[PDB]
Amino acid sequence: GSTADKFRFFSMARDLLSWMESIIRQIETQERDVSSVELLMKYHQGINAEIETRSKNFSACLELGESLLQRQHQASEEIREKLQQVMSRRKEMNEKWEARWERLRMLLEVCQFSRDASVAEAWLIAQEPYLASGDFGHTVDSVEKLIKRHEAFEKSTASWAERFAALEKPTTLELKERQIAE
């Protein structure tokens, strides 16, 4: 079983090493960058799903490797290194996935925030006609009507207080600066 076992171990490692390089390249390939709304959320997570599927394989590969090393197989050195190599490329894979995932949330802010702004900016342009008038009444009745119209107007204005209030609080982009700034 030794030669079969050894042979099988290296067969698994190789397969996992090839698959990782493929996935690591899969991460970097997509560009840095969605226009507005990111299907990249679905696309990037899908990758994680595939990673989970391999979970067993690693355990298998890793275990065999360990058992082989315990039993004083005399390819131990070659074995040790290949299993470091697979373990190294594993942590590196999840670091490079999570590394990016944080950023997917980061770009999420600008796309959302940017849109949030244009919508607000647009709405303020819209109110101009009303807010431009020089009519203030020439009669108790007329002014009473204008005040009530204004009362209605202000209330609807009031609604947006939250919407604008959200744009006040800063971004993770801008937050991270603390680490770059300090």
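Residue numbers run from 1 along the displayed sequence.
The modelled chain is continuous from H138 to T139, with every intervening residue of the deposited sequence accounted for. Of the two stretches examined, 118-126 and 52-60, the record assigns the greater average C-alpha temperature factor to 52-60. Between the stretches 170-178 and 10-18, it is 170-178 that shows the larger average CA temperature factor. Among the modelled residues of its chain, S35 has a C-alpha B-factor that falls in the middle third, as given in the PDB entry. In the PDB entry, a CA B factor belonging to the highest third of its chain's modelled residues is recorded for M41. Annotation for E66: C-alpha temperature factor in the highest third relative to the rest of the modelled chain, per the entry.
When the modelled residues of the chain are ordered by their C-alpha B factor, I27 lands in the middle third.
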